[PDB]
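These protein sequence lines are chains 4, 4', 1, 1', 3, 2 and 2', in that order. A prime marks a further copy of an entry chain. Residue 53 in the deposited numbering sits at position 31 of the first sequence; the count goes up by one each step and never skips. Residue 27 in the deposited numbering sits at position 5 of the second sequence; the count goes up by one each step and never skips. Residue 26 in the deposited numbering sits at position 20 of the third sequence; the count goes up by one each step and never skips. Residue 78 in the deposited numbering sits at position 72 of the fourth sequence; the count goes up by one each step and never skips. Residue 62 in the deposited numbering sits at position 3 of the fifth sequence; the count goes up by one each step and never skips. Residue 103 in the deposited numbering sits at position 97 of the sixth sequence; the count goes up by one each step and never skips. Residue 128 in the deposited numbering sits at position 122 of the seventh sequence; the count goes up by one each step and never skips. Don't be surprised by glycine CBs; every beta carbon is placed ideally from N, CA and C. Read the structure below first, then the notes.
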Amino acid sequence: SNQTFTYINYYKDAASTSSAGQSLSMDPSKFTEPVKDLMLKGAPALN
Amino acid sequence: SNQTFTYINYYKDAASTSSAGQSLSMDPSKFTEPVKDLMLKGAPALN
Amino acid sequence: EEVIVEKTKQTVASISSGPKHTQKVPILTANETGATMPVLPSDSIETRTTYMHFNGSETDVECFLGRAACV
Amino acid sequence: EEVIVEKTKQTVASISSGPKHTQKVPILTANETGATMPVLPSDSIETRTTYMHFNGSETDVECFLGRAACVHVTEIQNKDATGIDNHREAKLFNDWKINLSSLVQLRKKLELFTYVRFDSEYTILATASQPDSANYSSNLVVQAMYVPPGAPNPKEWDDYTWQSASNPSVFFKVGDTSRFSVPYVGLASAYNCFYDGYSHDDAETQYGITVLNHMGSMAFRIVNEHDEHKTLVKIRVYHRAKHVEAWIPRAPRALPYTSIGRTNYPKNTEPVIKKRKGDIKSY
Amino acid sequence: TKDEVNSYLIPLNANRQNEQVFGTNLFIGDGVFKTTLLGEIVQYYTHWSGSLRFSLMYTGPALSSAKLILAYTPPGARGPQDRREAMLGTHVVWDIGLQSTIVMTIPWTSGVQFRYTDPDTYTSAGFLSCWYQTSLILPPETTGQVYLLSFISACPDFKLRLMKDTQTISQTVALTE
Amino acid sequence: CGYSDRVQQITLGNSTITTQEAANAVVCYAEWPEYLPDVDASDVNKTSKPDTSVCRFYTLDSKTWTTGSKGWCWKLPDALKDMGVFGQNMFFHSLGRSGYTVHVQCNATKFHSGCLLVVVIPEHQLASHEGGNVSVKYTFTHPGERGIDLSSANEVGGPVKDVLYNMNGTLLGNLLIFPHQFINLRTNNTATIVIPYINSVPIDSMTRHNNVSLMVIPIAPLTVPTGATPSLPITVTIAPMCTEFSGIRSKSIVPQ
Amino acid sequence: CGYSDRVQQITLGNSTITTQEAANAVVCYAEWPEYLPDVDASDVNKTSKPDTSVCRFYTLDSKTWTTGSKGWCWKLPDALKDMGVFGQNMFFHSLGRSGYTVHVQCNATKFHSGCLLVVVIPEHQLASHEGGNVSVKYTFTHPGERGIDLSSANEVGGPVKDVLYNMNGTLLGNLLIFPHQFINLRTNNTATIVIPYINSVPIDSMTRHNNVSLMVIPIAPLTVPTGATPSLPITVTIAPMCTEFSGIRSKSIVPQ
RNA sequence: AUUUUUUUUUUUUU
RNA sequence: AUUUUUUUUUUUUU
Numbered sequence: 023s024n025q026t027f028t029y030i031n032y033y034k035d036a037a038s039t040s041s042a043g044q045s046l047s048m049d050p051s052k053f054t055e056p057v058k059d060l061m062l063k064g065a066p067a068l069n
Numbered sequence: 023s024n025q026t027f028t029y030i031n032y033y034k035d036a037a038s039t040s041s042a043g044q045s046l047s048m049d050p051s052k053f054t055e056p057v058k059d060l061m062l063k064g065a066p067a068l069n
Numbered sequence: 007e008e009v010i011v012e013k014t015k016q017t018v019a020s021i022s023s024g025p026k027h028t029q030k031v032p033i034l035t036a037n038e039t040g041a042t043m044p045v046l047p048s049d050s051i052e053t054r055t056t057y058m059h060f061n062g063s064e065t066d067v068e069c070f071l072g073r074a075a076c077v
Numbered sequence: 007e008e009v010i011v012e013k014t015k016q017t018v019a020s021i022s023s024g025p026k027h028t029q030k031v032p033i034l035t036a037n038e039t040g041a042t043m044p045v046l047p048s049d050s051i052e053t054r055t056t057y058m059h060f061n062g063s064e065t066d067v068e069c070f071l072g073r074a075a076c077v078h079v080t081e082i083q084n085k086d087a088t089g090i091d092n093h094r095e096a097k098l099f100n101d102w103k104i105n106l107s108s109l110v111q112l113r114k115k116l117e118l119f120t121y122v123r124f125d126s127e128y129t130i131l132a133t134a135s136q137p138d139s140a141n142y143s144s145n146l147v148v149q150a151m152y153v154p155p156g157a158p159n160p161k162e163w164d165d166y167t168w169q170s171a172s173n174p175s176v177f178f179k180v181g182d183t184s185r186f187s188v189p190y191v192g193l194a195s196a197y198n199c200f201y202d203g204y205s206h207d208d209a210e211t212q213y214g215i216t217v218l219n220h221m222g223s224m225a226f227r228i229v230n231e232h233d234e235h236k237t238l239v240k241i242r243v244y245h246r247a248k249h250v251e252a253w254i255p256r257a258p259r260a261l262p263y264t265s266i267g268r269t270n271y272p273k274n275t276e277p278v279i280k281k282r283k284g285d286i287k288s289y
Numbered sequence: 060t061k062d063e064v065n066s067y068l069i070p071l072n073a074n075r076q077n078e079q080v081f082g083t084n085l086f087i088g089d090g091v092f093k094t095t096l097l098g099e100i101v102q103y104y105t106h107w108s109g110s111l112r113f114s115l116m117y118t119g120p121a122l123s124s125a126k127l128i129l130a131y132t133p134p135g136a137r138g139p140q141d142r143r144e145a146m147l148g149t150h151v152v153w154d155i156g157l158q159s160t161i162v163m164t165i166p167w168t169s170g171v172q173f174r175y176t177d178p179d180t181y182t183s184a185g186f187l188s189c190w191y192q193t194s195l196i197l198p199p200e201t202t203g204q205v206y207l208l209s210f211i212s213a214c215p216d217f218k219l220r221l222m223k224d225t226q227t228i229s230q231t232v233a234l235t236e
Numbered sequence: 007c008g009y010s011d012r013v014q015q016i017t018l019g020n021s022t023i024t025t026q027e028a029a030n031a032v033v034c035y036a037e038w039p040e041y042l043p044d045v046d047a048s049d050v051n052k053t054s055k056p057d058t059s060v061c062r063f064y065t066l067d068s069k070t071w072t073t074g075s076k077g078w079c080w081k082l083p084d085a086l087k088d089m090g091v092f093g094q095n096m097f098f099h100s101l102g103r104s105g106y107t108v109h110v111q112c113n114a115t116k117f118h119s120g121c122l123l124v125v126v127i128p129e130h131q132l133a134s135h136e137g138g139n140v141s142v143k144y145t146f147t148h149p150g151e152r153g154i155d156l157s158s159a160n161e162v163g164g165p166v167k168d169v170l171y172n173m174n175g176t177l178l179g180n181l182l183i184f185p186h187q188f189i190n191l192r193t194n195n196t197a198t199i200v201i202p203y204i205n206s207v208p209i210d211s212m213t214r215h216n217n218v219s220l221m222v223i224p225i226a227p228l229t230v231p232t233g234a235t236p237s238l239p240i241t242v243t244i245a246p247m248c249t250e251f252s253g254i255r256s257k258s259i260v261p262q
Numbered sequence: 007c008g009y010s011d012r013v014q015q016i017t018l019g020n021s022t023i024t025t026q027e028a029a030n031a032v033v034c035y036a037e038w039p040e041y042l043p044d045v046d047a048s049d050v051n052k053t054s055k056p057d058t059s060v061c062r063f064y065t066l067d068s069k070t071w072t073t074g075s076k077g078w079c080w081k082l083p084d085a086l087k088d089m090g091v092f093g094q095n096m097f098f099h100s101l102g103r104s105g106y107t108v109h110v111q112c113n114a115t116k117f118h119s120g121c122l123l124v125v126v127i128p129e130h131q132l133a134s135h136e137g138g139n140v141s142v143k144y145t146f147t148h149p150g151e152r153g154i155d156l157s158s159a160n161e162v163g164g165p166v167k168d169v170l171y172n173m174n175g176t177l178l179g180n181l182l183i184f185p186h187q188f189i190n191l192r193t194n195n196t197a198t199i200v201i202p203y204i205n206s207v208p209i210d211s212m213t214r215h216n217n218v219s220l221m222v223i224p225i226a227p228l229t230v231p232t233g234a235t236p237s238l239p240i241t242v243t244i245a246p247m248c249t250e251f252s253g254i255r256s257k258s259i260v261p262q
């Protein structure tokens with residue numbers, strides 16, 4: 023579990039730097055469940 | 023008894039690093055004595 | 007799955023599940039609602055506790071679009 | 007020995023031992039138990055206190071399998087492609103299924119064990135030659151594209167697959183090297199040096215060869231166009247293992263190999279045990 | 060012979076017993092799954108692992124009824140040729156009613172931890188089929204075929220690694236504006 | 007105390023083996039067999055543990071040890087593929103893992119001489135007898151309880167049968183790096199080897215892959231006393247241990 | 007809440023059955039099946055519990071329901087005797103006990119009429135069709151998954167096949183004292199009956215003795231709408247539950 | 001191989 | 001059917 027040491031930016035611009043890294047945000051729900059009423063799993067979907 | 027200073031990893035991946043070093047584990051007993059009953063040295067092996 | 011994260015080994019892949027004789031049916035759905043229900047294998051079969059030793063890091067869109075290509 | 011470690015000088019090699027007239031005999035053993043008794047020289051002779059000034063560090067399997075070895079030598083050239091139907095047969099490009107069992111010297115060091123898991127370090131060296139008459143030496147650039155299984159294979163040297171939006175590729179000069187690291191890419195937890203099995207239950211499927219020791223494939227080409235002459239580029243791939251773990255020590259192979267992934271040996275092969283120049287009692 | 064909207068519709072015949080509705084292999088980077096959003100991102104990567112999520116939506120009349128059995132055959136055995144063969148695998152019995160969808164996940168049944176996205180015999184995934192459990196009963200004054208709609212997605216169990224280039228597109232010359 | 011290293015009893019299921027001139031038991035790589043833990047597991051299916059019906063001693067057919075006899079090879083779990091409930095679960099399931107206790111019988115008199123090498127080899131991939139890139143066909147690496155007689159003839163699609171070269175190109179003397187045990191007629195009449203599950207996967211198909219192979223090899227040739235019959239029987243008894251089965255389906259068909 | 011008594015799911019092993027027009031589940035004599043406790047046990051052998059491989063839904067062959075159709079009878083564990091690992095352990099063992107979940111399918115439309123009586127009978131001893139002291143031969147009380155079609159003909163050594171007299175001399179109307187459930191096409195399309203192990207012994211032979219028998223009987227005749235095909239399929243799916251096997255041996259041979 | 005069953009309390013879905 | 005697995009401590013043969 024080492025940590026990399028390459029965190030020294032050599033240039034003045036933020037476009038000059040390297041890649042941003044993983045977001046770790048991970049929300050599939052705005053595509054998989056874009057519904058108005060919350061829909062539980064196990065319950066009937068309708069009525 | 024010097025210590026080397028080359029412990030700065032330049033890349034983000036663990037596959038990118040150098041060799042792991044010596045294990046210092048050194049257990050020959052699972053090949054040399056793979057027996058069920060422990061066998062002392064000096065004692066008769068059987069009975 | 008990505009619901010519960012443990013301490014001894016993190017982010018279980020499938021939870022341990024047993025037999026069901028129940029009035030709640032997770033596998034019956036309406037896709038006329040325009041939604042994908044998050045149905046796991048533990049809602050249909052009997053499963054065992056397995057872990058994801060995986061982060062989903064190469065499928066990040068920074069990694070996905072972030073290699074050099076001849077334009 | 008490695009039993010006791012002292013303070014003034016560590017890890018004694020032999021302990022001081024004297025005469026024995028005893029009912030416990032450490033040198034009488036049964037190897038029908040399948041075990042090797044750890045009999046020291048101090049159990050048979052009278053010894054003196056000596057120390058190991060040795061750690062056993064070069065015989066670590068990280069060191070043993072962790073130097074660069076030539077795993078493939080392939081050849082491409084930079085000639086006029088107009089009028090050539092098969093670019094692979096004309097060696098305008100050439101690909102190689104990655105394995106470590108084509109040079110037998112690394113293969114024997116690998117096949118002392120059944121399962122090995124390591125990250126790979128590749129070093130690719132490209133050297134040119136002009137065997138026909140030429141006015142100059144071309145300044146050539148080699149593309150080595152790492153092609154995973156299921157990726158589109160190149161048909162021509164100028165084919166669309168060389169652009170490599172997803173496949174990793176390296177561009178380096180002839181006469182130079184390219185060095186890159188590839189992680190452990192086995193489907194299982196270790197590679198299989200040996201596989202007593204088949205891909206499926208079939209009567210005509212292949213024995214031994216498997217995708218458990220599948221390491222990808224890399225395809226080579228010269229990015230430059232053609233000159234007036236023909237220049238042959240020889241490509242040598244060097245593999246160094248690192249972060250090595252190994253399991254199940256096997257018997258060393260003494261008969262020569264014949265194939266990749268098979269344990270086959272040639273018919274009518276020579277004896278490998280040296281015959282004595284005399285009888286059995288001869289030194 | 061040409062690509063159609065009808066290619067998305069699994070035909071379903073009435074008053075049939077013990078027959079087969081569909082059947083396919085589970086190479087998800089080829090075949091029926093190849094042009095699918097799952098199987099077009101799966102071909103951007105070399106290895107896949109995890110559970111699939113297979114759905115079926117019934118689009119017949121509301122006064123109709125059916126019972127179907129959707130079965131997954133784990134690898135090692137052949138593709139099932141009668142209903143009793145597929146009955147011995149991972150299966151669900153689907154009662155068609157007010158909720159029009161069954162969701163039958165294909166769970167991760169594999170010895171090795173990762174499968175090739177390109178079709179490989181050693182890392183094959185198995186087979187998928189559907190059969191009539193009882194029949195399809197249509198209401199009176201309705202004739203013809205009703206249809207099923209098949210969906211696939213990935214579970215949160217899904218893994219995908221070793222990015223590659225896909226085989227779904229190509230070009231022979233560069234494009235101009 | 008007052009017991010013996012010679013007098014042993016192994017009990018597994020409704021089966022019991024006694025021996026009175028044993029040497030030891032060999033536990034392969036100093037490791038007892040176990041069930042698959044949750045940290046190593048990948049397959050999500052709940053495994054089946056039929057323990058009493060399947061983890062029991064199955065006796066293979068007997069082999070005749072002659073002076074000119076070369077040796078015998080057995081593949082596991084292939085040798086136990088027609089043996090009761092274990093062989094049935096082996097074909098009804100797509101996955102499975104198993105450890106073994108192997109007990110090899112050969113009793114004689116005190117006038118007899120001879121020595122056998124009982125060795126368990128993980129991933130004993132066989133060599134074709136033709137060389138080159140010729141493979142070994144499925145039925146010749148899956149013989150069953152009959153095993154491979156190494157003193158038999160070369161046959162097309164089969165393995166090489168030279169006992170010296172171990173059927174893989176390595177010499178017979180270095181085969182003691184694998185978990186082994188001798189049967190010396192002056193000392194020993196049985197050999198016990200306990201095998202855990204050795205694979206690079208957590209669980210594997212039991213029909214397309216043999217995890218270990220068991221070789222019984224006469225190193226020193228058999229010498230009977232004067233007027234004795236020039237023959238001894240050798241019997242192999244293998245018991246599965248900590249056996250799991252996963253992915254049940256409709257009994258895959260193997261060749262022959 | 008907001009759930010239904012109609013929408014049910016039963017999951018056992020790698021098998022799952024859904025229903026959406028159920029009525030209830032019947033648990034026989036208000037008792038779930040269990041394993042044999044130590045206080046009731048007599049046999050000293052450690053039992054085998056193969057649970058995942060054997061406690062799973064097996065689908066029997068389908069039966070055609072016609073207007074002139076009388077009914078069908080199935081014996082347990084005899085119906086599940088060729089079904090996978092369960093039927094294999096049934097023959098390799100001398101003893102065994104099992105509970106069951108029986109799920110009978112019959113779907114129709116809202117224009118259909120008809121009613122089935124699904125009933126589980128413990129120790130349903132059949133009557134010979136000749137009377138007197140004539141017995142029923144072994145193969146006619148052990149048909150397998152095919153069951154006994156009660157609308158078939160009288161055959162020598164077999165049982166009587168009058169659906170009214172229940173094949174034992176008791177009338178069909180009083181058969182509701184046994185654990186039963188109707189399938190009414192206006193209300194129901196499935197019936198679920200969960201059976202424990204009902205015997206006077208703690209554990210019994212599974213080949214010479216059927217513990218329960220399952221009868222699917224049309225009480226009200228089938229009325230299809232005008233122009234419909236005069237037929238509905240009936241499907242039976244039985245899953246063993248809490249199954250133990252004891253006394254493993256070498257697969258007894260039964261007649262035929 | 002000092003393992004097997006009897007049954008307790010905690011965690012994952014109530 | 002509110003059951004399944006993870007693993008604790010006690011008992012039977014050490």
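- Within the stretch 212-223 of chain 3, those residues whose Cβ lies closer than 7 angstroms to any Cβ of chain 1 are, in chain order, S212, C214, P215, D216, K218, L219, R220, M222.
- Restricting attention to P165 (chain 2), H215 (chain 2), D11 (chain 2), the CA atom closest to the CA of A31 (chain 2) is found in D11 (chain 2).
- The contact set of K61 (chain 3) on chain 2', defined by CB atoms closer than 9 angstroms, is empty, because the minimum CB distance reaches about 35 angstroms.
- Legend: CB atoms of the stretch 122-147 of chain 3 lying less than 9 angstroms from CB atoms of chain 2 belong to residues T132, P133, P134, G135, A136, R137, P139, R143, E144, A145, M146, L147.
- Here the stretch 275-288 of chain 1' does not lie against the stretch 135-143 of chain 3, with fewer than 3 beta-carbon pairs under 8 angstroms apart.
- In terms of Cβ geometry, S20 (chain 1) and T56 (chain 1) form a close pair [threshold 7 angstroms].
- Annotation: the continuous alpha helix (DSSP H) that includes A145 (chain 3) extends over 142-146.
- Within 10 angstroms of the beta-carbon of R214 (chain 2') lie fewer than 16 other beta-carbons, which makes it exposed.
- Within the same chain, and ignoring the five residues on either side of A260 (chain 1') in sequence, the residues whose Cβ sits closer than 8 angstroms to its Cβ are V278.
- Burial of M151 (chain 1') is indicated by the presence of at least 16 other C-beta atoms within 10 angstroms of its C-beta.
- Close CB contacts of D216 (chain 3) within its chain, under the 8 angstroms cut and outside five residues either way in sequence, are with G109, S110, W167 (chain order).
- Under the three-state reduction of DSSP output, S256 (chain 2) falls in the coil class, being neither helix nor strand.
- A straight-line Cα-Cα distance of about 52 angstroms links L71 (chain 1) and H135 (chain 2).
- Residue pairing by DSSP places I286 (chain 1') opposite no residue, since no beta bridge is assigned to it.
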